[PDB]
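Next up is one chain by itself, shown in structure tokens, the form deposited in one PDB entry.
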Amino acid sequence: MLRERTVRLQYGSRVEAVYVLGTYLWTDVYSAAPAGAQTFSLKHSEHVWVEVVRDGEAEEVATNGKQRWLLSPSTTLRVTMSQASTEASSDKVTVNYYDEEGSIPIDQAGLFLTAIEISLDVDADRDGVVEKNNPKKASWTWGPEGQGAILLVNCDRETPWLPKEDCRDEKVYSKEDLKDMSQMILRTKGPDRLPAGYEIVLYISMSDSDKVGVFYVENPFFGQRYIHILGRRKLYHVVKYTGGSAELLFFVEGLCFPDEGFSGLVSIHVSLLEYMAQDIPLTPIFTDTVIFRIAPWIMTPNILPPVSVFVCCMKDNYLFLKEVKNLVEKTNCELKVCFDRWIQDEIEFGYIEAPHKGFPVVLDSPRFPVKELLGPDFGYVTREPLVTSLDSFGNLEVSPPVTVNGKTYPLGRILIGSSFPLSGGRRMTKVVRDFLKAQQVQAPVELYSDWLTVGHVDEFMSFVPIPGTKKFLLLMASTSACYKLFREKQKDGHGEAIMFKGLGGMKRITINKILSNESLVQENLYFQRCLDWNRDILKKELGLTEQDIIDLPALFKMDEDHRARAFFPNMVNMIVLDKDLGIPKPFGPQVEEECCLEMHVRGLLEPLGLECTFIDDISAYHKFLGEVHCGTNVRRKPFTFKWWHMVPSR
């Protein structure tokens, strides 16, 4: 009893009204009084509480009292009920009107009430059970103390017959599909029927009609069928009312991720409608509302435990396959192989989670859906066609959880390679950046990757965990680290060491030849400035100190556009399987039958408990022109931190 509703008595006639629990009536008795009438008394039934209110002061009135009050516009009734009517109910309020003369009433106005309970319930407290009429169910708030029901995008595929994800249609073919959906229960209590002229309607806005699907299970105790009642091209649905205590169970699916202009919030309504007449719209005399937040797409940083490694390459790349298999066998992970870097630049494994359910979701941006991917509890979302090389999951990274100036990012931050504002350089397309920002929970940061020919952040940075700790390291490519090492080996008398040994397609490149190349030195000094510009952003935006950064030797060649391409394989772009790192084999100068780049990287990483395996992904091609033709992608366990416990900035 909190919402006040105006119900007036009608001159002489009797008014019959449905009373919805959780509301109360203010009732005008003065306008219905006959002319000249001076006082009024009233009767009412047991389950109707009635107060006379005389200038804001309310008085509780007995059921069968003979008390009279002076008729005044400022004297009214407040009518409240707390139990729903049954078939044996006669819930009424009766007003008698007296003139100044006698004590026998001169007219009588009546209010006849049918009390029903209506409540559209969702799991706004996020425990996977639909509580009864959560008071905050019509709002959605972030944080551990926040509330509001969560909805998944139903983008997996329960049956392989149809080609697209489940939410692409308005059908449910398998009852296993319901496990992905959020439950919404219409709870009602009342008599066998609604009084004449009323109906209960579920509805959504046209805008939300491509955001949700709402289904009902028919004949659950035999051959089950699932009816689409709200969503695409279905804005409302007249509910069949059942008397007594009734619950109608609905299943809600999300159809759309948060994006530019869609915040993730969707509303479903139930209204009790009153039939006024033909040609008049039905009046909504009571409306209950629930809100859902569609769960965002979340990316998984390298610090999360690996579940399975996805590998794409050619069928005769035996060295690569063997070493990746050896690497994965040091771990508990599964290996999945597909027979150039599309598995790393075109595909990205993220996940979605609600309190009741969650599963991995892969986004695909072609430059056909990978068959070894979409399926049960594996979501697959493809980009809508119609970009530069910066539009690539290679130009996207996600950091480990970080705290920055007291502001925590419990799911890390997405990093996007870009150019300088006034540069006129390349930039990831606005649709991609807007989509990532719209997910909110991994507050993206733009880096500087347009100094690279390909333009991907994974060409110069990565994160590894520190084994046995909750800490991580940022790995940065470093040309200065490479020149320091080479000048050292040259001073040590190894200037004639040859690079790219074991690659017959490659030039007689030595350390001496590299150090004597003045043009190459200037180029890599400039590229170090580009790396250091990114270093400063990462430290600022991720809360890093110099103690959290390892510089791995790298070397670049400048092209006509003044952009860098790897001189030898970029070791920073590695497979991170907890303590086990699969590092691209550099093919550096060999000092004592051992690559001096390999031994240097081992000296940097192994003291930290990291185990280095160098993977050869180029020997099958016989030469390196800056391109990796093999890809890998790791599906990781989701964060234990639930995204809805976060508090993003406004």
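Note that the rigid core is defined as the largest set of C-alphas that superpose within 1.5 Å between two forms. Residue numbers here begin at 1 and follow the sequence given.
K.L.:
How about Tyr621: is it missing in a third or more of the other compared entries?
P.N.:
Missing in at least a third of the others, so yes.
K.L.:
In at least a third of the other entries we lined up, does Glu384 end up with no coordinates?
P.N.:
In at least a third of the comparable entries (those modelling both sides of it), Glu384 has no coordinates.
K.L.:
Hey, how big is the hole between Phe222 and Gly223 in terms of deposited residues without coordinates: none, 1 to 3, 4 to 9, or 10 or more?
P.N.:
Count of unmodelled residues in between: none.
K.L.:
Look at the stretch from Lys132 to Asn133 and count the residues of the deposited sequence that the entry does not model, then pick none, 1 to 3, 4 to 9, or 10 or more.
P.N.:
Gap between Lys132 and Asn133: none.
K.L.:
Got a sec? Mean C-alpha B-factor, which is higher, 580-588 or 611-619?
P.N.:
Looking at the recorded C-alpha B-factors, 611-619 comes out higher on average.
K.L.:
Would you determine, from the values in the PDB entry, which of 167-175 and 563-571 has the greater average C-alpha temperature factor?
P.N.:
Looking at the record's C-alpha B-factors, the answer is 167-175.
K.L.:
Tell me which of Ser392, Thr242, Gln528, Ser267 tops the list for C-alpha B factor in the record.
P.N.:
Of the options given, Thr242 has the highest CA B-factor in the PDB entry.
K.L.:
Based on what the PDB entry reports, which of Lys507, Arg126, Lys137, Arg426 has the top C-alpha B-factor?
P.N.:
The listed residue with the largest C-alpha B-factor is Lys507.
K.L.:
Where does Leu25 sit by CA temperature factor within its chain: lowest, middle or highest third?
P.N.:
Middle third by C-alpha B-factor.
K.L.:
Sorting by Cα B-factor within the chain, modelled residues only, which third would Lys637 end up in: lowest, middle or highest?
P.N.:
Answer is middle: the recorded C-alpha B-factor places it there.
K.L.:
Lowest, middle or highest third of the chain for the C-alpha temperature factor of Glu274?
P.N.:
CA B-factor rank for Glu274: middle third.
K.L.:
Can you work out whether the C-alpha temperature factor of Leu9 puts it in the lowest, middle or highest third of the chain?
P.N.:
It falls in the middle third of the chain.
K.L.:
Could you tell me which third, lowest, middle or highest, the C-alpha B-factor of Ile343 occupies within its chain?
P.N.:
It falls in the top third of the chain.
Omitted from view is the form deposited in another entry, to which the following refers.
K.L.:
Superposing on the core, which single option in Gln224, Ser205, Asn133, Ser139 has a CA shift of 2 Å or more between the shown form and the other one?
P.N.:
The displaced C-alpha is that of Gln224.
K.L.:
Given a core-based superposition, decide whether the C-alpha of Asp377 shifts by 2 Å or more between the shown form and the other one.
P.N.:
Moves: yes, 2 Å or greater.
K.L.:
Where do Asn219 and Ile200 end up in the other entry, Cα atoms closer or farther than shown, with a change of 3 Å or more?
P.N.:
Their C-alpha distance shrinks by at least 3 Å in the other entry.
K.L.:
Between the shown chain and the other structure, the Cα gap of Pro355 to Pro220 differs by 3 Å or more. Is it closer or farther in the other entry?
P.N.:
Those two alpha carbons end up farther apart in the other entry.
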